[PDB]
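Topology and contacts: notes
The residues making up each chain are set out below.
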Amino acid sequence: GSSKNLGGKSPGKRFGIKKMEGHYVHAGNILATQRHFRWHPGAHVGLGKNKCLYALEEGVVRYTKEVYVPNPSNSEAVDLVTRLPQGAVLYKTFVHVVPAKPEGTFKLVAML
Amino acid sequence: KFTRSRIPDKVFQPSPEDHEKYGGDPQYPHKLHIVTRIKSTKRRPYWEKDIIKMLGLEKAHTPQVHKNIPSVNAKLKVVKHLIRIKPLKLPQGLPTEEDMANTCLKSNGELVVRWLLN
Amino acid sequence: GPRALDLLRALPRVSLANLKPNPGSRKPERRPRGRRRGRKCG
Amino acid sequence: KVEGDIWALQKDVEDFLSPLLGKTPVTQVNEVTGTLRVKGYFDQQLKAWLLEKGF
Amino acid sequence: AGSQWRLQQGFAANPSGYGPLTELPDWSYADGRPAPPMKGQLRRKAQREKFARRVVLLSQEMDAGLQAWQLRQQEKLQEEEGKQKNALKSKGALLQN
Amino acid sequence: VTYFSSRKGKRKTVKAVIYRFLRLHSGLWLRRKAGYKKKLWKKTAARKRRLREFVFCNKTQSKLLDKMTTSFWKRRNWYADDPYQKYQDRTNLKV
Amino acid sequence: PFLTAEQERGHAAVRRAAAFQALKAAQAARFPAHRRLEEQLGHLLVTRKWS
RNA sequence: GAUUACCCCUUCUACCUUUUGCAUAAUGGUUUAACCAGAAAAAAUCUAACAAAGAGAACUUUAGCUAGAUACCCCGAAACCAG
RNA sequence: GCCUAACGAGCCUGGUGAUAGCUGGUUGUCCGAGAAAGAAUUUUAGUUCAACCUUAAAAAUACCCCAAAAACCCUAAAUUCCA
RNA sequence: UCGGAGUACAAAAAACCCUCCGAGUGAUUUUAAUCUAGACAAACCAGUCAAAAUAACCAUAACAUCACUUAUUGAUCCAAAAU
Ligand SMILES: [K+]
Ligand SMILES: [K+]
Ligand SMILES: [K+]
Ligand SMILES: [K+]
Ligand SMILES: [K+]
Ligand SMILES: [Mg+2]
Ligand SMILES: [Mg+2]
Ligand SMILES: [Mg+2]
Ligand SMILES: [Mg+2]
Ligand SMILES: [Mg+2]
Ligand SMILES: [Mg+2]
Ligand SMILES: [Mg+2]
Ligand SMILES: [Mg+2]
Ligand SMILES: [Mg+2]
Ligand SMILES: [Mg+2]
Ligand SMILES: [Mg+2]
Ligand SMILES: [Mg+2]
Ligand SMILES: [Mg+2]
Ligand SMILES: [Mg+2]
Ligand SMILES: [Mg+2]
Ligand SMILES: [Mg+2]
Ligand SMILES: [Mg+2]
Ligand SMILES: [Mg+2]
Ligand SMILES: [Mg+2]
Ligand SMILES: [Mg+2]
Ligand SMILES: [Mg+2]
Ligand SMILES: [Mg+2]
Ligand SMILES: [Mg+2]
C-alpha cells in the first residue's frame, strides 16, 4: 500500500544531566536541562523559564532527596497534597551547590 | 548488545577445601603475584586489550610480578581468562644488594637468590 | 678571535670542487616515481 | 654576533638562569654562525645581564 | 616433548630455559683461559637482575604502605584521648550532685 | 578565486568577503549575525539582542577567508578615530 | 588480597609523581642539537690529496 | 625445497585494474625495441643575512623583514558556432 | 527519404589541448606511522565541514577508575561521573 | 520542513516507503526595556538559558499567560517604508 505515518523524524534535544556530584562549577553554569520537572532546584540553584537548572554560586554540586511543600497559589499541586493520607509526605530530588569561596575578606588598605 | 561482564562477589569466596587443593595458606594471604599471559588480545574487546597493555603483559609467556592490593586485583579480574596467576615464593627470602645479579625464577613459582654458585 | 682560521691552514684549499650547502636549507623534491609515490601519485 | 669561545657564554648563561627557573635552560650552540639560542622569553633579563658585563 | 613432566620436576618446560645446558659456556680456549661471555647470556642476566630489583621495590612499598596505616590508626586514637584530657571539668548539675 | 590574473599575473581577491567581513590584525575576523534585520516583531527581546551582536569566526572560517583575499587587506592600518583600533592586537594569550 | 582497600590509600604516590615528572622533563628537552665547526670544516677533507 | 640424478617426490588458486569480496567463466596485454603521463610559492615549516628595523626606491613592520629550498598529470566523447 | 560507401541532418578547416562528478593509464630501491562514513547539498557515481589520522611544536594530565550521585506506575544486560 | 510517544527499557546520540498523534496559529492583557559574568547545544549557519548592574513602575517592582506548550516557521542578495 502507501505510508500513512508522517512527520516522525525529529532530532533529540539533549535533555539530561550535565554536572554530576562533586564537579566544581562556577556561577552561570547550567547544571541540568529537562523537559518535565525531573530534578527540582535547591540551594544556590536558579530556574530558567525553560526549566533548566543553573548554579548561582561557585562551589560543589550535590544531589539530595528532600520533602516537597508546594506553593499555595499552585492550585493543582495543593490539591494533590490535600488528598494524601495523614501518614504520607511527598519526597522529591533536589540539586544543591555548596559555596566554596567566601563572600569576601578584609584587607589593610591604609594605616593613617 | 555486548557489554562488559560484571563478576558477582560470590565467585571469589574460597571453599575450605580450596586452600588444601591449591596449596594456599588459610590464614595469611601471599604477598606478590606472578602473572603470565596465555591467550591473545585479538578477537577480544578493546577494554581487555588496554588492561593487558597497562599491566605489562604485552609479550606472552613472560612472567611479570604485581602486588596483591585490591587495585591490581580489580584489573586482573577483568582479564582473568587470558592470564595465568601463581604466587611468588621466597625460599631464601628477599634478595639483598649483593645477590641481585644471581637471581633466577624457577617455573614452579619460587625465586632462588643464589643460582649456580661457583 | 676566529679560532676556526687556525684549522684552515691544515685543511686543503677551498675551491669549487668541495662546497656544501648548509644542512637542512634544501629539502629534497619528491617525484612521482617508484612503488611509494606511484600508481596514484598522491 | 658572538666572537670567541661560545661554550663559555653558554655555561655563563646556564648558571645565570638556573636560580630563576630552578633548572638548567635548554640551549643550542651554533659555532658556524656564533649564535646562542635559549628556549623561552628571557630577552629583558639577558640585556640587563650583558649590559652589566659591558658588551 | 613432555613439558608437563619437566614442570613437575621443577625444570623449565622448554629445555632451553635456565638449564645447565644453556647457562654454561659452550666453548673455551685450549690452554684454559676463559672465553668471552656470550651476547645472549649477558642479556639474560640483565633482565633477571632488573626483575629482582622490581620484586624488592614492590615488597618494600607494600610493607611501607602497611606501616603508614598503622601509624594513622594509633594517631587517630592518640588524638581522641587528647580531646578527653584537654576539656574542662564539667560542673553543670554535678555541683549539686 | 583567481589565483593568476590574465593582465598582471598577480592574485585577485573576492569582493564578497570584504563587503561583509572585518579582519583584525591578530588574524581574527569579525562578522554580523545572520538574520538581524528579518522579522523582528516575531522574535523575543533576548533573541533580537543576540542577533545584533558582533561575533568572531573559528579557525577554519578564518583560514578560508585568508586564502580568498589578497595581502592588501592584511596590512596594519592606523585609522583616525577607529573604534576597532584598540582590538587590533592580542594580549595576555598563553597558548 | 594482602592489603584491604583502606590500607592501600596512597601507599605509592611519590613514585607515581616522580614517574610523571620524569616524563615531563624528558619530553621538555626536545630541542635541535648543537652545530659545531668540525662538521662544516670536515667537508673540506673531500679533496684531500697525496701532494 | 632440493637431490649423486633433467623429470619422478613434497609445497604453492597467473599479473594489473575494479570491488564489501575476483584463480574466477569480470577488465586489458602475442612477444621485442623506441617513444608516452605532477606544473604554479598567498599562508606556512627548514636554513641563512640583517635586526626595532628589513629590502639595490615605490612596500611590510607591537620580532619582524629580505633571499633560497619544499606544490597541485596523461588519453577519450556525442555535441556547439563561424567561414 | 536523398544531397559522393555512417544524414533525426553533409564534409573540411578554424574556434580546439572544446568540456566531461564518467572509464582506462600513471615509470627506481628501502624505511616510519596509517583511516569504513556523523551533518548539509537538482545531493547520495560528487564535493565542503566535524570526527579519526599523518608531520612539526608547546604544555600537563590521560586511560583504568572505589564510596557517594543521576524520575516520577512496572522494568534485564548495563552506561554516565569519580579518588 | 518543525514538535510529542514507542522502536531507542537506566547519561547523551542513533535508522527505515517503520508503528501512532500533531503543527504552517488563535484567545487574552500582565504590551513583556537597556546592558553584561558564566554555560547548555552544535560541522557550519542557526538555536537556547542567564547572575550582577541601569531604567520602569509596590518608590531597594523583568518569566506575558492559556490550548499535551513542545512545533506554530525561511539565509543572502534584492525591493519597498521614516532613517
Ligand atoms: K602509492
Ligand atoms: K564481461
Ligand atoms: K569495469
Ligand atoms: K587494465
Ligand atoms: K555525480
Ligand atoms: Mg533522525
Ligand atoms: Mg522521535
Ligand atoms: Mg609531495
Ligand atoms: Mg615537483
Ligand atoms: Mg603499476
Ligand atoms: Mg581466492
Ligand atoms: Mg559487485
Ligand atoms: Mg574503496
Ligand atoms: Mg580474465
Ligand atoms: Mg566492466
Ligand atoms: Mg584480450
Ligand atoms: Mg610564501
Ligand atoms: Mg550554447
Ligand atoms: Mg554551422
Ligand atoms: Mg556521407
Ligand atoms: Mg579532458
Ligand atoms: Mg554512505
Ligand atoms: Mg577534515
Ligand atoms: Mg561507582
Ligand atoms: Mg580521573
Ligand atoms: Mg558541548
Ligand atoms: Mg537581576
Ligand atoms: Mg546570491
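Conventions and cut-offs
Residues numbered from 1 in each chain as written, not as in the entry; some residues may be left out. Chains lettered and ligands numbered in written order. Part of a larger assembly, values for the part shown. Heavy atoms only, no water. Near = heavy atom within 4 Å. Polar contact = N/O pair within 3.5 Å; in protein donor to acceptor, adjacent residues only side chain to side chain. Helix = DSSP H or I, 4+ residues; strand = E, 2+ residues; numbered from the N terminus. Nonpolar A, V, L, I, M, F, W, Y, C, P; charged D, E, K, R; others polar. Salt bridge = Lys/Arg side-chain N within 4 Å of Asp/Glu carboxyl O. Buried < 20%, exposed > 50% of the residue type's maximum accessible area, 1.4 Å probe, protein only.

1. What about the protein's contact with RNA strand J?
RNA strand J sits among 40 residues. The nearest are A:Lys13, A:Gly28, A:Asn29, A:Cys52 and F:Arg49. Taking the atoms of RNA strand J that fall within 4 Å of the protein, sugar and phosphate contribute 79% of them. In the environment of RNA strand J, a sugar or linking oxygen lies 3.0 Å from a nitrogen or oxygen atom belonging to the side chain of A:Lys49. Within the side chain of F:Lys38, a nitrogen or oxygen atom sits 2.9 Å from a phosphate oxygen of RNA strand J. Counting residues per element, the surface near RNA strand J draws most heavily on helix α2 (residues 45-51) of chain F, at five residues. The class makeup of the residues in the surface near RNA strand J is ten nonpolar, twelve polar and 18 charged.

2. Here we look at the pattern of salt bridges
Inspection of every chain in the model, using the stated rule, returns 15 salt bridges over all chains. The salt bridge involving B:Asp99 is made with B:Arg114; its shortest N-O contact spans 3.0 Å. Highlighted residues: B:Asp99 in the loop between β3 (83-87) and β4 (104-105) and B:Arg114 in the segment after β5 (111-112), separated in sequence by 15 residues. For the salt bridge of E:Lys83 with E:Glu79, the shortest nitrogen-to-oxygen distance reads 3.5 Å. Remark: E:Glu79 and E:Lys83 occur in helix α3 (residues 39-84); sequence separation between them is four residues, near one turn of the helix. Residue classification places E:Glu79 among the partly exposed residues on the basis of a relative accessible area of 41%.

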